[PDB]
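Below you'll find only one chain, the form solved without the partner chain, shown as structure tokens.
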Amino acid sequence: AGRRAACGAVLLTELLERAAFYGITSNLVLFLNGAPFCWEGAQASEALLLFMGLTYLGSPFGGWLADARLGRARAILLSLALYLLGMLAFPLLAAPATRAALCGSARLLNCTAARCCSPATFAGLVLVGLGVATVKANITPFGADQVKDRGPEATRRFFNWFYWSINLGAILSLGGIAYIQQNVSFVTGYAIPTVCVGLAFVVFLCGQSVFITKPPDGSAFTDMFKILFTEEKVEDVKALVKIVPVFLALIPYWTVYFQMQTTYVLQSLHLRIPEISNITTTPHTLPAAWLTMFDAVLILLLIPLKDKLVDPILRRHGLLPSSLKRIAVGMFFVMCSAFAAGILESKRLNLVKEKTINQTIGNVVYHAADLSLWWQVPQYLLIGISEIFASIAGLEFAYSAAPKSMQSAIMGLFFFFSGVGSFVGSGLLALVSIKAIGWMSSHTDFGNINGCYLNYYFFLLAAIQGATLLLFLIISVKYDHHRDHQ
């Protein structure tokens, strides 16, 4: 022990940061379709798409800022400051007293009659995305540096609870904050994540007195020679060009898991959801963020079992000693869950032809089938086993396979390739929606999937995941042969 405070402070900072981030993405589309904006669905979705795109693209640049110029701690503080500065825009816009201060004074109430307060919300989204980008690429290596002098097992044990805190903040946001934004006063609904950001900044500032920081290395990126003589700078390029194919093969894995995360909630919208006695009935409604947290809850339950039972057994039996093998196991569980979801959708698509029941979730009617929502339990347990096997392993791999000088930059490139996979998954979803292929071609997301073929999409995702699993297993052997052999 001894360094328990330096880890707890980073865990709390990441928890609050993820809570605020999943608060801004849980009801942003519904907020843009409201009194102050009255935007259309296309632009409302494009706003969140550009937000996540800036978050993914900005992430590497945040690592370069934390490595070449700043010390990866002042970088986190500055990024959290820019994050908090952009967080006030949403409560200031939702408040009628300050909506006049932001831009004009929004008159449109029933959306009877092209964007209002566009620069304000766009600057807020840009600053929030850049803040999340610079934080996520610098919070995992700086957090793992607190226990780096104890061995890789300490970093893995820390990353376990790091992921656990990320999906306890996500549950606290999607469960509590989103329900507040959906049914009760909205100004406080957006003010709570801002308070979370402020508390995270304060916690990091107080924890700076016990953190073990590293001085910046400015003359590290200028020595990326590409024409072929100081030493220890050649190895930083040899250890960098060898980890690129791993991320390239992980891109389609991100594609499959992001499309699965979207389509799983989309399918959960079309199942029989039980009514909470007096929480989702009149005059309130059930938020969709709970259907989204249906998999963070399982992860939160699962992680303590892996850290206490699975990891010691696998360590004392010599099973899965490297992170790449755990990533392969996670991808196998991902394709298994995709096949299970395809089976469940094939069974569900036969029930909607006979009888459909109407349910209201997002103040909209969904024609669900006569099938309990708890039938998604196996398909969610499988992705729960996969993320605790693939995501934590990928994080500790990006932390360990990176050079000592370039860590935040490599983590930012990891998140950027994850975002590239997400965009490839969006393009794949748009590809199967053409007139040639009738799979998922009724309308855009959050609609009616009774006329679509989601089981075929799940089977295609499973086949793709299996192919990229074989590819990753092929390239994993070619990479582990240079870790302790060459």
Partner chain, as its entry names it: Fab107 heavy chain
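Here the rigid core means the biggest group of C-alpha atoms that line up within 1.5 Å when the two forms are laid on top of each other. Residues that one form lacks are left out of the comparison. Positions refer to the first chain, counted from 1.
Unshown form solved in complex with the partner chain; subsequent notes refer to it.
- This chain is displayed without the partner chain, yet in the entry with it bound the stretch 441 to 449 from 60 to 68, 441 to 449, 41 to 49, 421 to 429 comes within 4.5 Å of it by heavy atoms.
- Contact between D217 and the partner chain in the entry with it bound is not found at the 4.5 Å heavy atom cutoff.
- For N358, a non-hydrogen atom is located within 4.5 Å of the partner chain in the entry with it bound, even though that partner is not displayed.
- Taking the partner from the other structure, the partner chain in the entry with it bound has no heavy atom within 4.5 Å of any heavy atom of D149.
- Among residues of the shown chain, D223 is not one whose heavy atoms approach the partner chain to within 4.5 Å in the entry with it bound.
- Interface residue among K242, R74, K233, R272, judged by heavy atoms within 4.5 Å of the partner chain in the entry with it bound: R272.
- In terms of contact with the partner chain in the entry with it bound, the residue from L199, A81, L301, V365 that brings a heavy atom within 4.5 Å is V365.
- Compared between the shown form and the other one on the core, the listed residues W439, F423, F459, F446 keep their C-alpha shifts below 2 Å, save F446.
- Relative to the shown form, the Cα atoms of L381 and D445 move apart by 3 Å or more in the entry with it bound.
- In sequence order, 225 to 227, 229 to 231, 443 to 447 are the runs of at least 3 consecutive residues whose Cα positions differ by 2 Å or more between the shown form and the other one once the rigid core is superposed.
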